[PDB]
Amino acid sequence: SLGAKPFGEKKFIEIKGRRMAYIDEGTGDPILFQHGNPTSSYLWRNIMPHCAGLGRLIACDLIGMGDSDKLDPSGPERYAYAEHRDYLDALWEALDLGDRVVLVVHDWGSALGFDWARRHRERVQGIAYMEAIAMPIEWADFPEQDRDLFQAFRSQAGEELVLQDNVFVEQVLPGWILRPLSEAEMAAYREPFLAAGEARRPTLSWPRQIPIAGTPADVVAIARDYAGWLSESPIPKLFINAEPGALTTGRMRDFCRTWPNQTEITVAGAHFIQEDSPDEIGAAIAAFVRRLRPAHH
């Protein structure tokens, strides 16, 4: 259903000196749901129940996000892609996932998940993805009505907009959900970012990492690599397309449509489509996992 309640209570694991928080419910091979910016495990709360009984249902909070600890010192050089990957790779190893992982990914969760999959291909049973960063893009490929704001995040305006005014949480997030959120839902997204200043740095460092027009060159190379791999990989894929969508539209959507061994649905939503159409999304993920894990009841 819709609903504001979280899916379970979080656990944590010590990673590199820091607590990393995660949901972990049920038994079996993992179904691993990975949020991006400026969200947390809470993004999946209404989708995960659809997979009840089908696996170990796991949703990790990225470093500095949700209930995972903040990094200190923090500043403009903190919370880049490579650092998030170093923490997340460590958490995923610590979780003892084995070799039949189904990835379920969104936004920066997709860039991280796709790269992890390229580097651990035998361990990935299926990939379900939506509103993903599936390849490097140009500014012409970015949603038109948000283009100037994202240029501003990437400029020196970003610190005031994000660290002081919290605009990614307060404006971008609800602006990319079709329905109005309740105060409880907003509170859950606000929670890790209540404090002004560096507590909010992950929500600013992230737009500064998006591979657009060849910069930053390091993440562009990473995304070029996973794009090239996915476009030829025989791993079963579930593309959860959205209308109107936001990022996975135009050129990127056409590219995703070339990927092999893939099935597709389309749901209503912009970017944070989990908030508009969670039951349809969950139902599709459940059908996908049932195909991948035939139980013959």
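One-based numbering along the sequence shown.
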Subject >> Of 72-80 and 102-110, the one with larger mean CA B-factor >> reply: 72-80
Subject >> Selected stretch [higher average CA B-factor]: 244-252 or 57-65 >> reply: 244-252
Subject >> Of the residues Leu204, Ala199, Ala140, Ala227, the one carrying the largest Cα B-factor as recorded >> reply: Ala140
Subject >> Options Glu183, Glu131, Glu191, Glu122 - largest CA temperature factor per the record >> reply: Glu122
Original post:
If you rank the chain by CA B-factor, which third does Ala187 end up in: lowest, middle or highest?
Top reply: middle
Original post:
Lowest, middle or highest third: where is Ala21 by Cα B-factor in its chain?
Top reply: middle
Original post:
Thinking about Cα B factors across the chain, which third does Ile265 belong to?
Top reply: highest
Subject >> Among modelled residues of the same chain, the CA temperature factor third for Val172 >> reply: highest
Original post:
In terms of the chain's CA B-factor thirds, is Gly28 lowest, middle or highest?
Top reply: highest
